[PDB]
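Report on the following structure.
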Amino acid sequence: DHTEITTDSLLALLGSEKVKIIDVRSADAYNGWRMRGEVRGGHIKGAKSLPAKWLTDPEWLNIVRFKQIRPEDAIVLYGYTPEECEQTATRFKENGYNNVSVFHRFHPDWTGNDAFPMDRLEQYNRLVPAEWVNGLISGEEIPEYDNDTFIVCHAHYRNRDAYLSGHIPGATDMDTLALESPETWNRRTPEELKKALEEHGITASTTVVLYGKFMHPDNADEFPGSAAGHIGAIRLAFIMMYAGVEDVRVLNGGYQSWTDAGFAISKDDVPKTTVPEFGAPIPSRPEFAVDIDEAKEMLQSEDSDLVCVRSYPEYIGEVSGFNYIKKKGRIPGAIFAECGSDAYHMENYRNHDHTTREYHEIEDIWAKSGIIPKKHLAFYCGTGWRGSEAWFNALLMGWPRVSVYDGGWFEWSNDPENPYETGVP
Ligand SMILES: */[SH]=c1/[nH]cc(C[C@@H](C(=O)O)[N+](C)(C)C)[nH]1
Ligand SMILES: [Br-]
Ligand SMILES: [Cl-]
Ligand SMILES: [Mg+2]
Numbered sequence: 032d033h034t035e036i037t038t039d040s041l042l043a044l045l046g047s048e049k050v051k052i053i054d055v056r057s058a059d060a061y062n063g064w065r066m067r068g069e070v071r072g073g074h075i076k077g078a079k080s081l082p083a084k085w086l087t088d089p090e091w092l093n094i095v096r097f098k099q100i101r102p103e104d105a106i107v108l109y110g111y112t113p114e115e116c117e118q119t120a121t122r123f124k125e126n127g128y129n130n131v132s133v134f135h136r137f138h139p140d141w142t143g144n145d146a147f148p149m150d151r152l153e154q155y156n157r158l159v160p161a162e163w164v165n166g167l168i169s170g171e172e173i174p175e176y177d178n179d180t181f182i183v184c185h186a187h188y189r190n191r192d193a194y195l196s197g198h199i200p201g202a203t204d205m206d207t208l209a210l211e212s213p214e215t216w217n218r219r220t221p222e223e224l225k226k227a228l229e230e231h232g233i234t235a236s237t238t239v240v241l242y243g244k245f246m247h248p249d250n251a252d253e254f255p256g257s258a259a260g261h262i263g264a265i266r267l268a269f270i271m272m273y274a275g276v277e278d279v280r281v282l283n284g285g286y287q288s289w290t291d292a293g294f295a296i297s298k299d300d301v302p303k304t305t306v307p308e309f310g311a312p313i314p315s316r317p318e319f320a321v322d323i324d325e326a327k328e329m330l331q332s333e334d335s336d337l338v339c340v341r342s343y344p345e346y347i348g349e350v351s352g353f354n355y356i357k358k359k360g361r362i363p364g365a366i367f368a369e370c371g372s373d374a375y376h377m378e379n380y381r382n383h384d385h386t387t388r389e390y391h392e393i394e395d396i397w398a399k400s401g402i403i404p405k406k407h408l409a410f411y412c413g414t415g416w417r418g419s420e421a422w423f424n425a426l427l428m429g430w431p432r433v434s435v436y437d438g439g440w441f442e443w444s445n446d447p448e449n450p451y452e453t454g455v456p
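Okay, so the sequence shown: first residue is 32 according to the entry's author numbering, each after it adds one.
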């Protein structure tokens, strides 16, 4: 039936390839959130992330095999309690994984003893869990927060129904058109950004928690981006951090994470409180956004490289990805980092619950193509949405020189004098 591994045995196996240490806690605890008040947040060094809440996913066995977890591997599960990994161990044993052990002493033994190595997402407090947002709006004391004023922002693209059909209590909505211009789909000018943030009640010293709602985008609609709300949320996070909002948060997973926790929702139309001054020059961090001239300079630079976060059909020129762009092709010289199925999904950068994919798997995929934190990188896609999320992931890992090429394929292909390749490489 069972098998236990002690702290002594597990420590002498952290480098072994045939053992797979599996963290069954939440992805937010995996990244470094001290969800139980532990003195050290994060995961055991070398652990893979497989939250036990995914056991209800009928694709659980495919998620396991997409993580290269093979039946001949020595499975080592752990969590906050050994009872957390019991239903996952049985789930493995019935599917042919006969070598399955459970590590009992991750908390407080492994966490409360510095001799045991742990790892965490370097900027994890920017990727907040649902419990953190609940305590924030409830006035309760929470870690990783020490501010007076905050604003929860529900993001969407010309679809206020996404906000009115159910949102977080006290939350105000923000159309993506408040921060990006429809003529270029780039960030707005500083004066427009200053005026837009003030009429939403955002100052430079205001903590902004951003999130969106996944509403199953279909490529047959007029505005599929009106259903990819959480992508626009991270897209708005990049713009605010570019503008100068010093403390910007993102609810990991979006509206799905709020309802999964079981918290109350509101359907009210909360009015916007206005603030008279933003209080900081815009943009305060202009290095986060590059334009077309510097993007062309980064292609020929040995120190730089562009990252194409688009789908494979767009990359080979089969489709343009959008119903308002007609030219198909790819920018020559960029490194391909596939986002997923189409222009409104991020399968390769997300779990099924829309939380950010295990960042180690993101680093390993990026590393195989030469995408490393030593370079100055500018992520881009069609118009900057999918590139903003890829940039946010690299920002969360503490990469020192990452940016977004706002123009993307939209601005690039609009100039006939700009080159582009097509077809399979
Ligand atoms: S990178 C690309 N993927 C989605 C979006 C949003 C886009 C759309 O809805 O097509 N705009 C909101 C119009 C910019 N950008
Ligand atoms: Br989304
Ligand atoms: Cl491209
Ligand atoms: Mg743009």
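A virtual CB, placed ideally from N, CA and C, is assigned to each residue, including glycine.
Whole-Å CB distance - residue 413 paired with residue 374, under 8 Å assumed: Position 382 of the sequence shown, counted from the first residue, corresponds to residue 413. Position 343 of the sequence shown, counted from the first residue, corresponds to residue 374. The C-beta distance from residue 413 to residue 374 rounds to 5 Å, short enough to meet the 8 Å contact threshold.
Nearest neighbour of residue 432, chosen from 439, 423, 251 [CA to CA]: In the sequence shown, residue 432 corresponds to position 401, counting from 1. Nearest C-alpha to residue 432: 423.
Cβ-based neighbour list, residue 386, same chain, cut-off 6 Å, excluding 5 preceding and 5 following: Position 355 of the sequence shown, counted from the first residue, corresponds to residue 386. Cβ neighbours of residue 386 within its own chain (closer than 6 Å, five residues either side excluded): 58, 283, 284.
Beta-carbon proximity list for residue 439, same chain, < 7 Å, skipping 5 on both sides: One-based indexing of the sequence shown puts residue 439 at position 408. Around residue 439: 411, 412, 413, 414, 415, 418.
The region 226 to 242 in contact with the region 271 to 290 per 3-pair CB rule at 8 Å: Counting C-beta pairs closer than 8 Å gives three or more between the region 226 to 242 and the region 271 to 290, which meets the contact rule.
Reduced DSSP secondary structure (H/G/I, E/B, other) of residue 51: As a first step, residue 51 must be located in the sequence shown, where it is residue number 20. Of the three classes helix, strand and coil, the one that applies to residue 51 here is strand, per DSSP.
Residues passing the C-beta test against ligand 4 heavy atoms, cut-off 5 Å: Ordered along the chain, the selected set is 216, 217, 414, 415, 437.
Where the alpha helix (DSSP H) through residue 192 begins and ends: Taking the sequence shown and counting its residues from 1, the one referred to as residue 192 is at position 161. Counting along the chain, the unbroken alpha helix (DSSP H) around residue 192 starts and ends at 192 to 195.
Inter-residue CB distance, residue 186 and residue 241 (contact presumed, cutoff 8 Å): Here residue 186 refers to the residue found at position 155 when the sequence shown is read from its first residue. Here residue 241 refers to the residue found at position 210 when the sequence shown is read from its first residue. The pair is a contact, with the Cβ atoms about 6 Å apart (cut-off 8 Å).
CB of residue 441 within 7 Å of CB of residue 216, strictly: As a working mapping, residue 441 is identified with position 410 in the sequence shown. As a working mapping, residue 216 is identified with position 185 in the sequence shown. Between residue 441 and residue 216, the CB-CB gap stays under 7 Å.
DSSP state of residue 340 mapped onto helix, strand, coil: Start at 1 with the first residue of the sequence shown, and residue 340 comes out as number 309. Three-state result, residue 340: coil.
One or two residues paired with residue 435 in a DSSP bridge: Taking the first residue of the sequence shown as position 1, residue 435 is located at position 404. By DSSP's assignment, residue 435 forms a beta bridge with 320, 410.
Spatially closest choice to residue 390 from 77, 334, 356, 325, by CA coordinates: Stepping through the sequence shown from its first residue, residue 390 is reached at position 359. Distance from the Cα of residue 390 is smallest, within the candidate group 77, 334, 356, 325, for 77.
Buried or exposed by the 16-neighbour rule on C-beta atoms within 10 Å, applied to residue 146: Residue mapping note: residue 146 aligns to position 115 of the sequence shown, counting from 1. Label assigned to residue 146: exposed.
Supposed close pair residue 55, residue 110 - CB separation, criterion 8 Å: If you number the sequence shown from 1, residue 55 lands on position 24. If you number the sequence shown from 1, residue 110 lands on position 79. With a contact defined as Cβ atoms closer than 8 Å, residue 55 and residue 110 qualify at about 4 Å.
Among 335, 289, 122, 138, nearest to residue 89 - alpha-carbon criterion: Indexing the sequence shown from 1 puts residue 89 at position 58. With distances taken between Cα atoms, residue 89 lies closest to 122.
Ligand 1 heavy atom lying under 6 Å from the CB of residue 353: Here residue 353 is taken as the residue at index 322 of the sequence shown, counted from 1. It does: the Cβ of residue 353 is within 6 Å (strictly closer) of some heavy atom of ligand 1.
Three-way DSSP call (helix, strand, coil) for residue 79 in this model: Position 48 of the sequence shown, counting from 1, holds the residue named residue 79. Correct three-state label for residue 79: strand.
Option nearest residue 327 by Cα separation, candidates 437, 221, 259, 194: Your numbering for residue 327 matches position 296 in the sequence shown. Residue 327 has its Cα closest to that of 437, out of 437, 221, 259, 194.
Same chain, Cβ closer than 6 Å to residue 296, five either side skipped, listed in chain order: Translated into positions along the sequence shown, residue 296 becomes position 265. Excluding five sequence positions before and after residue 296, the CB atoms of its chain that fall closer than 6 Å to its own CB belong to 197, given in chain order.
Which listed residue (156, 248, 370) has its alpha carbon closest to that of residue 278: Position 247 of the sequence shown holds residue 278. The alpha carbon of residue 278 has as its nearest neighbour, out of 156, 248, 370, the alpha carbon of 156.
Cα-Cα separation, residue 38 to residue 95: On the sequence shown, residue 38 is found 7 positions in, with the first residue counted as 1. On the sequence shown, residue 95 is found 64 positions in, with the first residue counted as 1. Near 25 Å, if we compare the C-alpha coordinates of residue 95 and residue 38.
Residue 361 Cβ short of 6 Å to ligand 3 heavy atom set: To locate residue 361, count along the sequence shown from 1; it is residue 330. Shortest gap from the CB of residue 361 to any heavy atom of ligand 3: under 6 Å.
Inter-residue Cα distance where the pair is residue 244 and residue 40: As a working mapping, residue 244 is identified with position 213 in the sequence shown. As a working mapping, residue 40 is identified with position 9 in the sequence shown. Taken atom to atom, the span from the alpha-carbon of residue 244 to that of residue 40 is near 44 Å.
Length of the line joining the Cα atoms of residue 534 and residue 144: Outside the shown range of the chain, which is 32 to 456, sits residue 534, and nothing can be said about it.
CB contact flag (residue 230, residue 305, <7 Å): As a first step, residue 230 must be located in the sequence shown, where it is residue number 199. As a first step, residue 305 must be located in the sequence shown, where it is residue number 274. Closer than 7 Å, so yes.
Where the alpha helix (DSSP H) through residue 265 begins and ends: Within the sequence shown, numbered from 1, the residue matching residue 265 stands at position 234. Unbroken alpha helix (DSSP H) run through residue 265: 260 to 274.
By C-beta, the residues closer than 5 Å to any heavy atom of ligand 2, given in chain order: This criterion selects 245, 259, 261, 262.
Residue 417: CB within 6 Å of a non-hydrogen atom of ligand 1: For the purposes of this step, residue 417 is taken as the residue at position 386 of the sequence shown. Here the distance from the Cβ of residue 417 to the nearest heavy atom of ligand 1 is below 6 Å.
Run of the beta strand (DSSP E) containing residue 187, from where it starts to where it stops: By one-based count along the sequence shown, residue 187 stands at place 156. 181 to 187 is the span of the beta strand (DSSP E), which, as asked, contains residue 187.
beta-carbon residue 412 near ligand 1 non-hydrogen atom, thresh 6 Å: Position 381 of the sequence shown, counted from the start, is the residue given in the question as residue 412. With a cutoff of 6 Å, residue 412 counts as near ligand 1, since its C-beta is closer than that to a heavy atom of the ligand.
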